[PDB]
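Letters A, B, ... mirror the listed sequences (proteins, then strands); counts begin at 1. The figures here come from the full heavy-atom set of this structure, side chains too, leaving out hydrogens, waters and symmetry mates.
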Amino acid sequence: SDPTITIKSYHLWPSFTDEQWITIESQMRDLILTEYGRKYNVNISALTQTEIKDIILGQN
Amino acid sequence: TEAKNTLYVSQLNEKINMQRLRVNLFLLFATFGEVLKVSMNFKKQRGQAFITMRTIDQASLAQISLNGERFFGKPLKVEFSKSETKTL
Amino acid sequence: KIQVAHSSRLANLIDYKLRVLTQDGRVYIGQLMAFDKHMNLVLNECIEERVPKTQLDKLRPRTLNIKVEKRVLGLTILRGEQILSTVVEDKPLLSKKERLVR
Amino acid sequence: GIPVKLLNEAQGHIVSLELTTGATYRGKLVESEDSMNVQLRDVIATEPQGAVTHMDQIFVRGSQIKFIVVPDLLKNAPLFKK
Amino acid sequence: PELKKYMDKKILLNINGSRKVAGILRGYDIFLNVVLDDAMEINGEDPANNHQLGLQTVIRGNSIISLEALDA
Amino acid sequence: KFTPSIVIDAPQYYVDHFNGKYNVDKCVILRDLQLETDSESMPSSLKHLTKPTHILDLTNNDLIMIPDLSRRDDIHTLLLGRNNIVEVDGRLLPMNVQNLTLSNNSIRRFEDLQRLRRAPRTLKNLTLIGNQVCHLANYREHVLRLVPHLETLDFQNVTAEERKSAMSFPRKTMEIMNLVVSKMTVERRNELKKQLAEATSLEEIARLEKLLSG
Amino acid sequence: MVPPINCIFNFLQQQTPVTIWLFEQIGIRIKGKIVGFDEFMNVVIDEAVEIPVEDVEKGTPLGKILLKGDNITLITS
Amino acid sequence: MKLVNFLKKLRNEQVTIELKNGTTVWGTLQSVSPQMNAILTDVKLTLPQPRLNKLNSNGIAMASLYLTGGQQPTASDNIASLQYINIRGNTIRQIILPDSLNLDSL
Amino acid sequence: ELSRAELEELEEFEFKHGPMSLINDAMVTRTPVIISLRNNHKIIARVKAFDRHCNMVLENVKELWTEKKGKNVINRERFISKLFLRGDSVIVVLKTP
RNA sequence: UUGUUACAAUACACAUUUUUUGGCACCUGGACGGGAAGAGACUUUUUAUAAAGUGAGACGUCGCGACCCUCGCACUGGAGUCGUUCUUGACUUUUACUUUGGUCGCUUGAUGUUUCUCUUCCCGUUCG
């Protein structure tokens with residue numbers, strides 16, 4: 001999403017900083033939980049972090 | 001002489017600009033019919049116009065109503081044309 | 001305001017009245033009679049219109065109306081190279097010669 | 001196509017040219033080419049500055065011509081028939 | 001390119017930029033490249049402001065605006 | 001009566017009158033149809049009026065007001081003659097109107113025309129022949145006071161001294177039947193009178209009403 | 001009748017200096033000798049100088065250049 | 001050769017076309033010709049206001065935007081709207097494409 | 001002149017040996033080019049295709065351009081996801097390190 | 001209802017001078033319009049104040065008003081190829097032009113283009 005953040009020849013993922021990683025992981029959480037909320041018909045804004053952890057890892 | 005679609009207008013003011021004669025001959029005759037054409041060729045036919053209406057029942061009414069009307073300070077004359085307009 | 005079929009190209013718009021923009025900020029308005037591979041464009045009963053610089057500034061962002069210059073041209077061929085866009089003004093109306101009732 | 005077979009039917013009539021530079025040339029069309037080159041005779045000419053002049057003959061390169069005005073009589077020339 | 005009618009008869013050519021040159025038309029091709037002889041740059045008032053180009057001059061056709069045969 | 005359906009089938013064509021040669025001005029014809037002013041229906045009908053429209057021929061109807069066409073800017077000519085108009089509220093004329101006709105309407109006092117103050121400054125031509133304010137005292141010199149920059153009234157060219165003087169002040173269908181009779185040969189009057197005495201059928205009344213109106 | 005490309009060739013083989021006038025860029029002209037010519041009127045110029053607009057005193061030397069034909073208006077003696 | 005026949009597989013998408021005037025055209029892409037003449041419908045033509053401010057560069061763009069016959073009641077930032085525009089292909093600078101499109105299928 | 005199949009293979013040869021092979025290396029390596037456009041805008045993007053005319057489908061676009069406000073001059077910084085680019089508007093393409 | 005022949009489609013191709021693979025970019029109060037007024041500035045007579053006019057110089061186009069041509073059935077009109085009938089529809093080809101025009105007044109009725117460097121009174125349309 002930002003070509004100023006290159007992928008090194010010997011790496012697989014772009015060269016984010018820690019702050020950029022926090023931003024990226026938050027956006028990824030929003031994406032996954034948006035699809036989950038549509039599929040299962042649940043209010044994402046009410047979920048606990050432990051429920052979110054189970055959803056991310058794919059428990060059951 | 002036979003009543004037909006086309007009026008002959010025959011005593012128009014000379015000193016008035018032709019362009020606004022054509023505009024105002026549209027406006028005058030409009031309230032007595034749907035005016036299709038207002039032909040004016042002053043080199044070939046000075047101080048005259050030919051006007052063609054959608055229906056005979058508008059040509060006759062305008063021929064009656066406007067003959068002798070004062071139009072740019074001169075009393076107009078209006079009669080039936082001996083023809084109908086080709087170019088239209 | 002006019003609506004034209006979404007499947008319609010410039011070969012169908014014969015006799016429609018087009019308003020044709022050009023690279024210099026002028027617009028030509030006329031009945032499309034014919035056209036070519038190059039987008040060379042023949043317009044009957046044509047009008048050129050332009051926004052003069054005196055009141056172009058009235059389009060700067062702030063009951064909005066603009067007095068265009070207009071100029072009248074007979075049966076123009078526009079060279080396609082100059083054309084910027086084409087817009088449709090209205091459809092092929094009946095001739096007044098059709099309205100005449102015996 | 002027709003936007004050039006028209007300009008070939010315009011022969012012997014007065015046509016008015018405008019050019020990309022802003023000049024304008026009105027005169028009798030002597031010869032025209034499929035490239036839109038034209039030759040005008042007895043020509044009334046106008047500068048982009050609005051200054052006006054007259055000149056005996058001119059040839060104009062097609063790539064400069066903005067538009068060509070043609071006599072209104074050609075709308076019923078055989079060219080447009082199906 | 002119907003320049004055959006002119007031959008060597010003197011031409012003034014309007015050229016890209018404002019520029020003007022005038023000379024004796026020797027030859028031409030399908031692009032309207034023009035080769036012309038005794039060419040003067042028609043820059044302005046002749047006795048000080050014009051310039052005489054050289055014994056052979058050739059103009060690239062995309063730069064010809066228009067050309068007026070001032071000889072007839 | 002003023003439906004959204006009759007404005008869309010309204011006959012229309014290009015006309016040369018305003019330019020002489022080239023058919024570059026478009027007329028919409030809503031004449032001879034007896035439309036009338038509804039405060040709800042009409043402004044939801046005239047938003048289906050075709051664009052552009054240059055001449056809008058609303059003549060010989062039963063309108064009681066200028067139909068609100070205020071925000072449109074295409075219309076240059078607006079024919080409203082032979083309508084039951086009371087007052088000319090100028091704010092409801094189109095933005096760029098040029099050329100207005102109000103002949104043979106029902107306007108009778110100077111406070112009817114008083115709202116022409118709000119008409120566009122680019123209005124140049126007006127017509128009020130056959131009204132009854134037409135006959136009131138020094139009416140021309142009054143209506144020039146309302147719209148000084150105008151160019152014509154009742155097909156009289158507004159001359160220089162008239163508009164110069166304008167700045168001094170701060171310092172029912174049987175109309176046509178009578179109109180024909182007013183303008184008729186006395187012997188033909190004494191022939192159609194006899195024909196009306198001779199009349200013998202309802203269709204012959206219809207024929208006689210053709211003669212009595214042209 | 002002298003075709004124009006043949007006149008370009010008659011500048012080339014005779015190794016005469018030339019002045020070349022550019023297309024939209026009126027403020028400098030190119031002077032030098034035509035070494036190479038082309039189907040598309042590209043040219044190669046040796047001992048090239050670009051002279052502002054008026055004379056040789058103010059010019060600056062380029063070396064050997066290829067000047068792309070899309071930028072040529074006149075070639076002159 | 002290739003990439004105009006890629007645009008031809010975008011029929012009925014919501015493109016944004018940016019012309020070389022800097023004028024931006026949002027639109028339902030009805031067609032693209034082999035010369036790249038785009039037809040758009042339900043169209044919305046915009047000069048961006050940071051650009052529009054300088055008249056000397058943008059007067060050609062504003063004058064041609066207004067003269068389409070579709071400039072709105074100046075609600076903001078010189079929009080127009082047209083049912084149909086036919087664009088001559090050489091005028092197009094960029095085409096910003098729908099965000100969800102799977103380009104690799106085309 | 002040449003046959004259609006020969007022209008096809010010639011286009012492949014030109015894309016690999018010619019100047020265009022800078023763009024091709026970036027398209028195959030999936031690394032971002034920089035593209036100075038004719039209107040002084042610089043695109044930064046990953047190439048997904050190109051053709052003879054230097055048209056190119058781009059993805060992952062960032063687009064830098066500069067704006068002035070009298071004495072001040074300032075940077076804009078639009079992001080775009082998927083963009084066709086008409087070739088003629090291209091001044092010079094880089095490949096970043 | 002169907003088939004054969006003649007001419008235009010289209011897909012295809014289409015970056016190096018005449019079109020579509022770029023010489024282009026850079027550069028209470030505020031607002032709007034009409035008519036009276038004033039300071040300041042500019043032109044001219046004249047000198048180390050006295051008097052008459054209007055941010056300055058320049059070029060086109062509609063339009064307005066006044067004076068000379070003007071007495072009325074026109075727009076394609078002739079000639080030829082044919083249906084139908086006391087000359088009305090379709091087609092081919094000569095002829096020179098199809099716009100009334102010449103002059104003056106605009107101390108400007110408006111309008112479009114080039115060169116150089118401020119307030120008061122009312123009136124009308126909006127804002128809160």
Side-chain angles (χ1 to χ4, degrees), chain H residues 1-11 13-27 29 32-38 40 46-58 60-61 87-106, chain I residues 4-5 7-12 14-15 20 23-24 27 30 35-63 65-70 72-91:
Chain H
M1 177 163 75
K2 202 180 191 302
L3 292 188
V4 170
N5 294 282
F6 153 80
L7 298 179
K8 292 188 73 188
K9 303 184 185 186
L10 301 171
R11 299 187 76 177
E13 296 302 332
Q14 295 296 114
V15 301
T16 296
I17 282 191
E18 293 212 36
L19 305 189
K20 285 166 178 164
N21 319 83
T23 178
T24 294
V25 186
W26 178 281
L29 182 60
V32 180
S33 93
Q35 306 301 342
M36 204 179 158
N37 299 333
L40 306 178
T46 304
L47 272 165
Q49 66 92 22
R51 166 162 187 74
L52 189 175
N53 291 341
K54 189 164 190 67
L55 275 282
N56 306 72
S57 312
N58 296 276
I60 300 293
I87 285 157
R88 187 190 160 87
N90 76 279
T91 323
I92 296 164
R93 192 188 301 287
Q94 299 165 359
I95 306 191
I96 298 172
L97 294 176
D99 194 45
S100 62
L101 193 72
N102 57 332
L103 291 169
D104 297 298
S105 63
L106 311 174
Chain I
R4 174 170 175 72
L7 293 165
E8 176 197 305
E9 288 284 12
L10 178 62
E11 291 292 352
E12 295 288 296
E14 289 275 47
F15 292 143
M20 293 277 188
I23 308 167
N24 207 332
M27 171 177 163
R30 295 182 167 75
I35 306 184
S36 294
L37 296 188
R38 196 77 168 248
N39 58 317
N40 299 316
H41 288 48
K42 297 199 308 182
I43 292 176
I44 312 189
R46 297 179 204 261
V47 192
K48 293 290 178 134
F50 52 81
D51 69 9
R52 174 168 55 229
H53 305 117
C54 203
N55 306 321
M56 53 183 82
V57 179
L58 303 179
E59 276 215 56
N60 196 178
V61 172
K62 178 180 183 173
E63 184 178 7
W65 57 288
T66 186
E67 171 193 355
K68 62 171 62 182
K69 292 287 169 65
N72 297 304
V73 63
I74 193 162
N75 308 93
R76 299 193 87 87
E77 203 164 33
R78 187 167 66 165
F79 284 85
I80 303 163
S81 303
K82 301 181 195 287
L83 179 154
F84 173 101
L85 178 65
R86 205 185 195 248
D88 55 40
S89 297
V90 177
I91 300 176

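- Counting heavy atoms from C-beta on, the side chains of I:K48 and H:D104 come closer than 4.5 Å.
- I:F84 CZ to H:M36 CE: the interatomic distance, rounded to the nearest 0.5 Å, is 4.0 Å.
- Applying the salt bridge (charged side-chain N to carboxylate O under 4.0 Å, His left out) test to I:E67 and every residue at least two apart in sequence or in another chain returns I:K69, I:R76.
- Annotation: the span from H:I96 atom CD1 to I:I80 atom CD1 amounts to 4.0 Å, rounded to 0.5 Å.
- With rounding to the nearest 0.5 angstrom, the CZ atom of I:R86 is 8.0 Å from the OG1 atom of H:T91.
- The side-chain heavy atoms of I:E8 and H:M1, taken from C-beta on, include no pair separated by under 4.5 Å.
- Heavy-atom distances place both the backbone and the side chain of I:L85 under 4.5 Å from chain H.
- The number of heavy-atom neighbours closer than 6.0 Å to CH2 of H:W26, taken from other residues, nucleotides and ligands shown, is 12 or below.
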As a quick check of understanding, evaluate side chain to side chain contact (heavy atoms under 4.5 Å, CB included) for I:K68 and H:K54, giving each step before the final call. CA-CA 10 Å; I:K68 62 171 62 182; H:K54 189 164 190 67; over 6 Å; no

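- Here the CD-CG distance, from H:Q94 to I:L37, works out to 6.5 Å after rounding to the nearest 0.5 Å.
- Here the CZ-CG distance, from I:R52 to H:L3, works out to 10.5 Å after rounding to the nearest 0.5 Å.
- Looking at I:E63, the atoms closer than 4.5 Å to chain H (heavy atoms on both sides) all sit in the side chain, from C-beta outward.
- Residues I:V57 and H:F6 approach most closely at CG2-CE2, 3.6 Å, considering heavy atoms.
- Counting heavy-atom pairs under 4.5 Å between each of H:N53, H:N90, H:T16 and chain I puts H:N90 at the top.
- Under a cut-off of 6.0 angstrom, the local environment of NZ in I:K62 is crowded, with over 12 non-hydrogen atoms contributed by other residues, nucleotides or ligands.
- Expressed to the nearest 0.5 Å, how far CG of H:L103 lies from CD of I:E59 amounts to 5.0 Å.
- The salt bridge (charged side-chain N to carboxylate O under 4.0 Å, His left out) contacts involving residues 17-26 of chain H comprise H:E18-I:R78, H:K20-I:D88, where partners must be two or more places apart or lie in separate chains.
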